[PDB]
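Have a look at target.pdb below; it lists PDB, C-alpha atoms.
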ATOM      1  CA  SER A   1     145.662  63.499  89.069  1.00  0.00           C
ATOM      2  CA  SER A   2     142.597  63.278  91.349  1.00  0.00           C
ATOM      3  CA  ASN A   3     142.148  65.445  94.471  1.00  0.00           C
ATOM      4  CA  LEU A   4     139.383  67.352  96.306  1.00  0.00           C
ATOM      5  CA  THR A   5     137.625  70.192  94.440  1.00  0.00           C
ATOM      6  CA  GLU A   6     137.139  73.873  95.371  1.00  0.00           C
ATOM      7  CA  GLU A   7     133.528  73.159  96.412  1.00  0.00           C
ATOM      8  CA  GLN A   8     134.578  70.230  98.634  1.00  0.00           C
ATOM      9  CA  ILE A   9     137.622  72.079 100.032  1.00  0.00           C
ATOM     10  CA  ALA A  10     135.403  75.131 100.666  1.00  0.00           C
ATOM     11  CA  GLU A  11     132.980  73.157 102.873  1.00  0.00           C
ATOM     12  CA  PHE A  12     135.778  71.605 104.977  1.00  0.00           C
ATOM     13  CA  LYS A  13     137.387  75.052 105.386  1.00  0.00           C
ATOM     14  CA  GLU A  14     134.167  76.448 106.909  1.00  0.00           C
ATOM     15  CA  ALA A  15     133.818  73.578 109.415  1.00  0.00           C
ATOM     16  CA  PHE A  16     137.583  73.521 110.097  1.00  0.00           C
ATOM     17  CA  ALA A  17     137.814  77.292 110.704  1.00  0.00           C
ATOM     18  CA  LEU A  18     134.732  77.086 112.964  1.00  0.00           C
ATOM     19  CA  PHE A  19     136.564  74.948 115.554  1.00  0.00           C
ATOM     20  CA  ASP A  20     139.988  76.483 114.796  1.00  0.00           C
ATOM     21  CA  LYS A  21     140.165  79.237 117.446  1.00  0.00           C
ATOM     22  CA  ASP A  22     143.911  80.016 117.542  1.00  0.00           C
ATOM     23  CA  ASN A  23     145.885  81.750 114.734  1.00  0.00           C
ATOM     24  CA  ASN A  24     147.004  79.190 112.116  1.00  0.00           C
ATOM     25  CA  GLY A  25     144.657  76.358 111.063  1.00  0.00           C
ATOM     26  CA  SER A  26     144.867  73.241 113.270  1.00  0.00           C
ATOM     27  CA  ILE A  27     142.311  71.399 115.443  1.00  0.00           C
ATOM     28  CA  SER A  28     142.664  68.710 118.143  1.00  0.00           C
ATOM     29  CA  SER A  29     141.434  65.133 117.560  1.00  0.00           C
ATOM     30  CA  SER A  30     138.778  65.710 120.255  1.00  0.00           C
ATOM     31  CA  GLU A  31     137.100  68.184 117.869  1.00  0.00           C
ATOM     32  CA  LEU A  32     137.791  66.154 114.692  1.00  0.00           C
ATOM     33  CA  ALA A  33     134.870  63.766 115.347  1.00  0.00           C
ATOM     34  CA  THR A  34     132.595  66.759 116.057  1.00  0.00           C
ATOM     35  CA  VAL A  35     133.729  68.594 112.896  1.00  0.00           C
ATOM     36  CA  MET A  36     132.735  65.510 110.861  1.00  0.00           C
ATOM     37  CA  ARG A  37     129.266  65.349 112.470  1.00  0.00           C
ATOM     38  CA  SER A  38     128.627  68.998 111.517  1.00  0.00           C
ATOM     39  CA  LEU A  39     129.927  68.512 107.952  1.00  0.00           C
ATOM     40  CA  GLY A  40     127.360  65.736 107.361  1.00  0.00           C
ATOM     41  CA  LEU A  41     129.020  62.512 108.588  1.00  0.00           C
ATOM     42  CA  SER A  42     128.351  59.954 111.355  1.00  0.00           C
ATOM     43  CA  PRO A  43     131.169  57.446 111.885  1.00  0.00           C
ATOM     44  CA  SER A  44     130.549  54.903 114.675  1.00  0.00           C
ATOM     45  CA  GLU A  45     132.759  55.019 117.799  1.00  0.00           C
ATOM     46  CA  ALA A  46     134.892  52.333 116.099  1.00  0.00           C
ATOM     47  CA  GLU A  47     135.601  54.509 113.034  1.00  0.00           C
ATOM     48  CA  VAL A  48     136.452  57.535 115.215  1.00  0.00           C
ATOM     49  CA  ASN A  49     138.955  55.471 117.242  1.00  0.00           C
ATOM     50  CA  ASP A  50     140.723  54.206 114.095  1.00  0.00           C
ATOM     51  CA  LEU A  51     140.964  57.739 112.647  1.00  0.00           C
ATOM     52  CA  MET A  52     142.097  59.238 115.976  1.00  0.00           C
ATOM     53  CA  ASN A  53     144.690  56.443 116.265  1.00  0.00           C
ATOM     54  CA  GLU A  54     146.381  57.377 112.962  1.00  0.00           C
ATOM     55  CA  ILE A  55     146.413  61.056 114.010  1.00  0.00           C
ATOM     56  CA  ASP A  56     147.240  60.662 117.727  1.00  0.00           C
ATOM     57  CA  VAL A  57     150.846  59.384 117.588  1.00  0.00           C
ATOM     58  CA  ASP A  58     152.028  60.240 121.125  1.00  0.00           C
ATOM     59  CA  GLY A  59     148.644  60.867 122.795  1.00  0.00           C
ATOM     60  CA  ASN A  60     148.336  64.403 121.368  1.00  0.00           C
ATOM     61  CA  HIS A  61     148.315  65.645 117.747  1.00  0.00           C
ATOM     62  CA  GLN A  62     146.980  68.779 116.007  1.00  0.00           C
ATOM     63  CA  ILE A  63     145.210  68.012 112.703  1.00  0.00           C
ATOM     64  CA  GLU A  64     146.158  70.523 109.978  1.00  0.00           C
ATOM     65  CA  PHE A  65     143.861  71.487 107.068  1.00  0.00           C
ATOM     66  CA  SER A  66     146.166  69.348 104.885  1.00  0.00           C
ATOM     67  CA  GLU A  67     145.907  66.116 106.917  1.00  0.00           C
ATOM     68  CA  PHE A  68     142.189  66.797 107.506  1.00  0.00           C
ATOM     69  CA  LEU A  69     141.358  67.130 103.784  1.00  0.00           C
ATOM     70  CA  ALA A  70     143.236  63.867 103.103  1.00  0.00           C
ATOM     71  CA  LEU A  71     141.269  61.902 105.732  1.00  0.00           C
ATOM     72  CA  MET A  72     138.007  63.459 104.483  1.00  0.00           C
ATOM     73  CA  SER A  73     138.811  62.557 100.852  1.00  0.00           C
ATOM     74  CA  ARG A  74     139.191  58.878 101.829  1.00  0.00           C
ATOM     75  CA  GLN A  75     135.827  58.885 103.651  1.00  0.00           C
ATOM     76  CA  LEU A  76     134.128  61.152 101.080  1.00  0.00           C
ATOM     77  CA  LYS A  77     135.071  58.974  98.078  1.00  0.00           C
ATOM     78  CA  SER A  78     132.782  59.082  95.014  1.00  0.00           C
ATOM     79  CA  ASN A  79     134.628  58.102  91.808  1.00  0.00           C
ATOM     80  CA  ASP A  80     135.078  54.706  90.103  1.00  0.00           C
ATOM     81  CA  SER A  81     134.983  54.133  86.319  1.00  0.00           C
ATOM     82  CA  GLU A  82     135.857  50.412  86.516  1.00  0.00           C
ATOM     83  CA  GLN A  83     133.353  49.618  89.302  1.00  0.00           C
ATOM     84  CA  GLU A  84     130.739  51.657  87.390  1.00  0.00           C
ATOM     85  CA  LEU A  85     131.085  49.358  84.352  1.00  0.00           C
ATOM     86  CA  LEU A  86     130.767  46.175  86.451  1.00  0.00           C
ATOM     87  CA  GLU A  87     127.645  47.625  88.122  1.00  0.00           C
ATOM     88  CA  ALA A  88     125.865  48.298  84.802  1.00  0.00           C
ATOM     89  CA  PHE A  89     126.687  44.821  83.434  1.00  0.00           C
ATOM     90  CA  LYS A  90     125.361  43.356  86.711  1.00  0.00           C
ATOM     91  CA  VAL A  91     121.925  44.989  86.306  1.00  0.00           C
ATOM     92  CA  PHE A  92     121.573  43.647  82.741  1.00  0.00           C
ATOM     93  CA  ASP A  93     122.588  40.180  84.001  1.00  0.00           C
ATOM     94  CA  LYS A  94     119.462  38.859  85.774  1.00  0.00           C
ATOM     95  CA  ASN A  95     121.248  35.548  86.481  1.00  0.00           C
ATOM     96  CA  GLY A  96     123.953  36.926  88.810  1.00  0.00           C
ATOM     97  CA  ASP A  97     127.185  35.537  87.306  1.00  0.00           C
ATOM     98  CA  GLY A  98     127.534  38.075  84.466  1.00  0.00           C
ATOM     99  CA  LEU A  99     126.289  36.524  81.199  1.00  0.00           C
ATOM    100  CA  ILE A 100     124.412  38.510  78.520  1.00  0.00           C
ATOM    101  CA  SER A 101     123.658  38.278  74.775  1.00  0.00           C
ATOM    102  CA  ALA A 102     125.604  40.376  72.229  1.00  0.00           C
ATOM    103  CA  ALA A 103     122.497  42.596  71.972  1.00  0.00           C
ATOM    104  CA  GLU A 104     122.443  43.462  75.698  1.00  0.00           C
ATOM    105  CA  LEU A 105     126.238  43.936  75.570  1.00  0.00           C
ATOM    106  CA  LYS A 106     125.997  46.524  72.762  1.00  0.00           C
ATOM    107  CA  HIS A 107     123.251  48.452  74.599  1.00  0.00           C
ATOM    108  CA  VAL A 108     125.278  48.540  77.843  1.00  0.00           C
ATOM    109  CA  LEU A 109     128.337  49.914  75.997  1.00  0.00           C
ATOM    110  CA  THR A 110     126.189  52.697  74.488  1.00  0.00           C
ATOM    111  CA  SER A 111     124.434  53.593  77.769  1.00  0.00           C
ATOM    112  CA  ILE A 112     127.777  53.944  79.599  1.00  0.00           C
ATOM    113  CA  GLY A 113     128.818  56.410  76.865  1.00  0.00           C
ATOM    114  CA  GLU A 114     131.990  54.487  75.925  1.00  0.00           C
ATOM    115  CA  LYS A 115     133.737  55.967  72.860  1.00  0.00           C
ATOM    116  CA  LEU A 116     133.688  52.636  70.977  1.00  0.00           C
ATOM    117  CA  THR A 117     131.967  52.583  67.561  1.00  0.00           C
ATOM    118  CA  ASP A 118     130.875  49.285  65.956  1.00  0.00           C
ATOM    119  CA  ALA A 119     134.378  48.689  64.538  1.00  0.00           C
ATOM    120  CA  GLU A 120     135.918  48.654  68.041  1.00  0.00           C
ATOM    121  CA  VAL A 121     133.298  46.273  69.492  1.00  0.00           C
ATOM    122  CA  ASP A 122     133.807  44.118  66.372  1.00  0.00           C
ATOM    123  CA  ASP A 123     137.559  43.642  66.946  1.00  0.00           C
ATOM    124  CA  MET A 124     136.935  43.083  70.679  1.00  0.00           C
ATOM    125  CA  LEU A 125     134.104  40.600  70.000  1.00  0.00           C
ATOM    126  CA  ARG A 126     136.402  38.434  67.841  1.00  0.00           C
ATOM    127  CA  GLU A 127     138.904  38.035  70.708  1.00  0.00           C
ATOM    128  CA  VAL A 128     136.149  37.668  73.341  1.00  0.00           C
ATOM    129  CA  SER A 129     133.363  35.784  71.506  1.00  0.00           C
ATOM    130  CA  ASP A 130     134.357  32.103  71.173  1.00  0.00           C
ATOM    131  CA  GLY A 131     131.259  30.640  69.471  1.00  0.00           C
ATOM    132  CA  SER A 132     128.341  30.227  71.912  1.00  0.00           C
ATOM    133  CA  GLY A 133     125.920  33.179  72.149  1.00  0.00           C
ATOM    134  CA  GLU A 134     126.214  34.785  75.609  1.00  0.00           C
ATOM    135  CA  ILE A 135     129.397  36.752  76.416  1.00  0.00           C
ATOM    136  CA  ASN A 136     130.799  37.330  79.931  1.00  0.00           C
ATOM    137  CA  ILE A 137     130.944  40.940  81.196  1.00  0.00           C
ATOM    138  CA  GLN A 138     134.076  40.081  83.230  1.00  0.00           C
ATOM    139  CA  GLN A 139     136.379  39.937  80.179  1.00  0.00           C
ATOM    140  CA  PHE A 140     134.504  42.734  78.357  1.00  0.00           C
ATOM    141  CA  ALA A 141     134.541  44.964  81.467  1.00  0.00           C
ATOM    142  CA  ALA A 142     138.337  44.575  81.728  1.00  0.00           C
ATOM    143  CA  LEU A 143     138.865  45.374  78.021  1.00  0.00           C
ATOM    144  CA  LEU A 144     137.047  48.703  78.525  1.00  0.00           C
ATOM    145  CA  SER A 145     138.845  49.518  81.803  1.00  0.00           C
ATOM    146  CA  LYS A 146     141.979  47.377  82.295  1.00  0.00           C
TER     147      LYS A 146
END

Output the file's structure as structure tokens, nothing else.
Amino acid sequence: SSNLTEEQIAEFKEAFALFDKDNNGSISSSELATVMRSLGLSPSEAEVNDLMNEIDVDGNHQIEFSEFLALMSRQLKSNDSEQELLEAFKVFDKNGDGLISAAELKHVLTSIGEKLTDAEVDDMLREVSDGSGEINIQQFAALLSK
């Protein structure tokens, strides 16, 4: 599973309780945009309208700490193992397509910290390597992630 953490949920609770001046834990959409600016965000007027549209169903809607944390998690995203692998292989590939020598491929697998000894890369190189010299990170990146 993957959800917000106590540290992240603690920060939203402080900003949410600040505007929450009733007796439960809900804020109006008019204060939602302001609560995000105080938490450390700055969505353009276009992003605020889209978010307020999903919340405002009949013109009025009280955002609860549950729906608020969900919307914040989508905007405060910061986790991607697959994308992280493609990013590293991109830096090693000066060309731009994604081609590197077996040497650069072994170093990238070690830097990422992948639990794959030489035996694993050997069995994967036989199915990936065809007989040229430079391997593509696209197929190798999928073997490590997908």

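The shortest atom-to-atom distance to residue 33 of chain A, with all atoms listed in the file taken into account, belongs to A:72 out of A:72, A:57, A:105, A:91.
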
Write out as a list in words the residues lying within 10 Å of residue 83 of chain A, counting all atoms listed in the file and excluding same-chain residues fewer than 4 positions away.
-> residues 79, 87, 88, 141 and 145 of chain A

Any chance you could resolve the PyMOL selection byres ((chain A and resi 7-10) around 12) against this file and give the residues as a PyMOL selection string?
-> chain A and resi 3-6+11-17+39+65-66+68-70+72-73+76-78

For the residues in that selection, give me C-alpha atoms as a PDB file, in the coordinates of the input.
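The result, written out as selection38.pdb:
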ATOM      1  CA  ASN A   3     142.148  65.445  94.471  1.00  0.00           C
ATOM      2  CA  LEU A   4     139.383  67.352  96.306  1.00  0.00           C
ATOM      3  CA  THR A   5     137.625  70.192  94.440  1.00  0.00           C
ATOM      4  CA  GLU A   6     137.139  73.873  95.371  1.00  0.00           C
ATOM      5  CA  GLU A  11     132.980  73.157 102.873  1.00  0.00           C
ATOM      6  CA  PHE A  12     135.778  71.605 104.977  1.00  0.00           C
ATOM      7  CA  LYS A  13     137.387  75.052 105.386  1.00  0.00           C
ATOM      8  CA  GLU A  14     134.167  76.448 106.909  1.00  0.00           C
ATOM      9  CA  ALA A  15     133.818  73.578 109.415  1.00  0.00           C
ATOM     10  CA  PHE A  16     137.583  73.521 110.097  1.00  0.00           C
ATOM     11  CA  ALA A  17     137.814  77.292 110.704  1.00  0.00           C
ATOM     12  CA  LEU A  39     129.927  68.512 107.952  1.00  0.00           C
ATOM     13  CA  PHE A  65     143.861  71.487 107.068  1.00  0.00           C
ATOM     14  CA  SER A  66     146.166  69.348 104.885  1.00  0.00           C
ATOM     15  CA  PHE A  68     142.189  66.797 107.506  1.00  0.00           C
ATOM     16  CA  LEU A  69     141.358  67.130 103.784  1.00  0.00           C
ATOM     17  CA  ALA A  70     143.236  63.867 103.103  1.00  0.00           C
ATOM     18  CA  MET A  72     138.007  63.459 104.483  1.00  0.00           C
ATOM     19  CA  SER A  73     138.811  62.557 100.852  1.00  0.00           C
ATOM     20  CA  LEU A  76     134.128  61.152 101.080  1.00  0.00           C
ATOM     21  CA  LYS A  77     135.071  58.974  98.078  1.00  0.00           C
ATOM     22  CA  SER A  78     132.782  59.082  95.014  1.00  0.00           C
TER      23      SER A  78
END

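The space between atom CA of residue 1 of chain A and atom CA of residue 63 of chain A spans 24.1 Å.
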
Please provide the set of residues having any atom within 8 Å of residue 136 of chain A, restricted to only C-alpha atoms, with same-chain residues fewer than 5 positions apart removed, written as a ChimeraX atom specification.
-> /A:98-100

With a distance cut-off of 12 Å and only C-alpha atoms, select the neighbouring residues of segment 123-131 of chain A, excluding the residue or stretch itself and same-chain residues fewer than 4 positions from it, and output the selection as a compact mmCIF listing (two decimals) with C-alpha atoms, in the frame of the given file.
# COMPACT_ATOMS: atom_id res chain seq x y z
CA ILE A 100 124.41 38.51 78.52
CA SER A 101 123.66 38.28 74.78
CA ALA A 102 125.60 40.38 72.23
CA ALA A 103 122.50 42.60 71.97
CA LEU A 105 126.24 43.94 75.57
CA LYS A 106 126.00 46.52 72.76
CA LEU A 116 133.69 52.64 70.98
CA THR A 117 131.97 52.58 67.56
CA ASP A 118 130.88 49.28 65.96
CA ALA A 119 134.38 48.69 64.54
CA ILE A 135 129.40 36.75 76.42
CA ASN A 136 130.80 37.33 79.93
CA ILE A 137 130.94 40.94 81.20
CA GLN A 138 134.08 40.08 83.23
CA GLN A 139 136.38 39.94 80.18
CA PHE A 140 134.50 42.73 78.36
CA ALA A 141 134.54 44.96 81.47
CA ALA A 142 138.34 44.58 81.73
CA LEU A 143 138.86 45.37 78.02
CA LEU A 144 137.05 48.70 78.53

Can you work out the spacing between atom CA of residue 28 of chain A and atom CA of residue 60 of chain A in Å, to one decimal?
-> 7.8 Å

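Remark: for residue 89 of chain A, the closest of the candidate residues A:50, A:22, A:67, A:104 is A:104 (distances computed over only C-alpha atoms).
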
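Our summary of the geometry notes that atom CA of residue 81 of chain A is positioned 9.9 Å from atom CA of residue 112 of chain A.
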
Which is closest to residue 31 of chain A among A:47, A:84, A:97, A:62, if we use only C-alpha atoms?
-> A:62

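Using only C-alpha atoms, the smallest distance between any of A:109, A:46, A:71, A:121 and residue 32 of chain A comes from A:71.
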
Using all atoms listed in the file, which residue out of A:64, A:43, A:108, A:55 lies closest to residue 86 of chain A?
-> A:108

Using the incomplete input, complete segment 62-93 of chain A to the level of N, CA and C atoms; output as a PDB file, keeping the file's coordinate frame.
ATOM      1  N   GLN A  62     147.865  67.739 116.605  1.00  0.00           N
ATOM      2  CA  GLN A  62     146.980  68.779 116.007  1.00  0.00           C
ATOM      3  C   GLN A  62     146.741  68.475 114.526  1.00  0.00           C
ATOM      4  N   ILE A  63     145.506  68.316 114.134  1.00  0.00           N
ATOM      5  CA  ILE A  63     145.210  68.012 112.703  1.00  0.00           C
ATOM      6  C   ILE A  63     145.259  69.294 111.866  1.00  0.00           C
ATOM      7  N   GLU A  64     146.064  69.309 110.838  1.00  0.00           N
ATOM      8  CA  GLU A  64     146.158  70.523 109.978  1.00  0.00           C
ATOM      9  C   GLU A  64     145.165  70.419 108.817  1.00  0.00           C
ATOM     10  N   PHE A  65     144.827  71.524 108.208  1.00  0.00           N
ATOM     11  CA  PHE A  65     143.861  71.487 107.068  1.00  0.00           C
ATOM     12  C   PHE A  65     144.347  70.516 105.987  1.00  0.00           C
ATOM     13  N   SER A  66     145.631  70.287 105.914  1.00  0.00           N
ATOM     14  CA  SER A  66     146.166  69.348 104.885  1.00  0.00           C
ATOM     15  C   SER A  66     145.843  67.903 105.276  1.00  0.00           C
ATOM     16  N   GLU A  67     146.195  67.512 106.472  1.00  0.00           N
ATOM     17  CA  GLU A  67     145.907  66.116 106.917  1.00  0.00           C
ATOM     18  C   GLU A  67     144.396  65.905 107.036  1.00  0.00           C
ATOM     19  N   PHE A  68     143.669  66.936 107.374  1.00  0.00           N
ATOM     20  CA  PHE A  68     142.189  66.797 107.506  1.00  0.00           C
ATOM     21  C   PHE A  68     141.559  66.551 106.132  1.00  0.00           C
ATOM     22  N   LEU A  69     141.934  67.322 105.147  1.00  0.00           N
ATOM     23  CA  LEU A  69     141.358  67.130 103.784  1.00  0.00           C
ATOM     24  C   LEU A  69     141.684  65.725 103.271  1.00  0.00           C
ATOM     25  N   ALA A  70     142.856  65.233 103.569  1.00  0.00           N
ATOM     26  CA  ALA A  70     143.236  63.867 103.103  1.00  0.00           C
ATOM     27  C   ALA A  70     142.326  62.819 103.750  1.00  0.00           C
ATOM     28  N   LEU A  71     142.147  62.893 105.042  1.00  0.00           N
ATOM     29  CA  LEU A  71     141.269  61.902 105.732  1.00  0.00           C
ATOM     30  C   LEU A  71     139.828  62.046 105.238  1.00  0.00           C
ATOM     31  N   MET A  72     139.400  63.251 104.973  1.00  0.00           N
ATOM     32  CA  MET A  72     138.007  63.459 104.483  1.00  0.00           C
ATOM     33  C   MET A  72     137.868  62.910 103.060  1.00  0.00           C
ATOM     34  N   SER A  73     138.882  63.073 102.251  1.00  0.00           N
ATOM     35  CA  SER A  73     138.811  62.557 100.852  1.00  0.00           C
ATOM     36  C   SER A  73     138.646  61.036 100.861  1.00  0.00           C
ATOM     37  N   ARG A  74     139.311  60.363 101.764  1.00  0.00           N
ATOM     38  CA  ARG A  74     139.191  58.878 101.829  1.00  0.00           C
ATOM     39  C   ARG A  74     137.775  58.486 102.258  1.00  0.00           C
ATOM     40  N   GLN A  75     137.208  59.209 103.187  1.00  0.00           N
ATOM     41  CA  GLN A  75     135.827  58.885 103.651  1.00  0.00           C
ATOM     42  C   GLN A  75     134.795  59.441 102.667  1.00  0.00           C
ATOM     43  N   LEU A  76     135.090  60.556 102.052  1.00  0.00           N
ATOM     44  CA  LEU A  76     134.128  61.152 101.080  1.00  0.00           C
ATOM     45  C   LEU A  76     134.485  60.724  99.653  1.00  0.00           C
ATOM     46  N   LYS A  77     134.717  59.455  99.446  1.00  0.00           N
ATOM     47  CA  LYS A  77     135.071  58.974  98.078  1.00  0.00           C
ATOM     48  C   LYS A  77     133.817  58.908  97.201  1.00  0.00           C
ATOM     49  N   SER A  78     133.964  59.132  95.922  1.00  0.00           N
ATOM     50  CA  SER A  78     132.782  59.082  95.014  1.00  0.00           C
ATOM     51  C   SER A  78     133.238  59.060  93.551  1.00  0.00           C
ATOM     52  N   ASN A  79     134.142  58.178  93.217  1.00  0.00           N
ATOM     53  CA  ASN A  79     134.628  58.102  91.808  1.00  0.00           C
ATOM     54  C   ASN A  79     135.135  56.690  91.498  1.00  0.00           C
ATOM     55  N   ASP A  80     134.627  56.083  90.459  1.00  0.00           N
ATOM     56  CA  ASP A  80     135.078  54.706  90.103  1.00  0.00           C
ATOM     57  C   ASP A  80     134.577  54.331  88.704  1.00  0.00           C
ATOM     58  N   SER A  81     135.408  54.479  87.707  1.00  0.00           N
ATOM     59  CA  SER A  81     134.983  54.133  86.319  1.00  0.00           C
ATOM     60  C   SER A  81     134.896  52.612  86.158  1.00  0.00           C
ATOM     61  N   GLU A  82     135.880  51.899  86.640  1.00  0.00           N
ATOM     62  CA  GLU A  82     135.857  50.412  86.516  1.00  0.00           C
ATOM     63  C   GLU A  82     134.647  49.836  87.258  1.00  0.00           C
ATOM     64  N   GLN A  83     134.512  50.145  88.521  1.00  0.00           N
ATOM     65  CA  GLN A  83     133.353  49.618  89.302  1.00  0.00           C
ATOM     66  C   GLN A  83     132.036  50.029  88.638  1.00  0.00           C
ATOM     67  N   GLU A  84     131.993  51.198  88.057  1.00  0.00           N
ATOM     68  CA  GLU A  84     130.739  51.657  87.390  1.00  0.00           C
ATOM     69  C   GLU A  84     130.383  50.718  86.235  1.00  0.00           C
ATOM     70  N   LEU A  85     131.364  50.278  85.493  1.00  0.00           N
ATOM     71  CA  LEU A  85     131.085  49.358  84.352  1.00  0.00           C
ATOM     72  C   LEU A  85     130.579  48.010  84.875  1.00  0.00           C
ATOM     73  N   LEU A  86     131.211  47.486  85.892  1.00  0.00           N
ATOM     74  CA  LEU A  86     130.767  46.175  86.451  1.00  0.00           C
ATOM     75  C   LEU A  86     129.351  46.295  87.019  1.00  0.00           C
ATOM     76  N   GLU A  87     129.012  47.440  87.551  1.00  0.00           N
ATOM     77  CA  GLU A  87     127.645  47.625  88.122  1.00  0.00           C
ATOM     78  C   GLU A  87     126.598  47.590  87.004  1.00  0.00           C
ATOM     79  N   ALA A  88     126.845  48.289  85.929  1.00  0.00           N
ATOM     80  CA  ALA A  88     125.865  48.298  84.802  1.00  0.00           C
ATOM     81  C   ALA A  88     125.695  46.885  84.239  1.00  0.00           C
ATOM     82  N   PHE A  89     126.781  46.206  83.983  1.00  0.00           N
ATOM     83  CA  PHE A  89     126.687  44.821  83.434  1.00  0.00           C
ATOM     84  C   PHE A  89     125.958  43.909  84.424  1.00  0.00           C
ATOM     85  N   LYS A  90     126.051  44.204  85.694  1.00  0.00           N
ATOM     86  CA  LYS A  90     125.361  43.356  86.711  1.00  0.00           C
ATOM     87  C   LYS A  90     123.845  43.534  86.602  1.00  0.00           C
ATOM     88  N   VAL A  91     123.393  44.747  86.422  1.00  0.00           N
ATOM     89  CA  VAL A  91     121.925  44.989  86.306  1.00  0.00           C
ATOM     90  C   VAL A  91     121.370  44.261  85.079  1.00  0.00           C
ATOM     91  N   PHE A  92     122.058  44.338  83.973  1.00  0.00           N
ATOM     92  CA  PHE A  92     121.573  43.647  82.741  1.00  0.00           C
ATOM     93  C   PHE A  92     121.606  42.130  82.939  1.00  0.00           C
ATOM     94  N   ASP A  93     122.501  41.650  83.761  1.00  0.00           N
ATOM     95  CA  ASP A  93     122.588  40.180  84.001  1.00  0.00           C
ATOM     96  C   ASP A  93     121.613  39.768  85.109  1.00  0.00           C
TER      97      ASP A  93
END
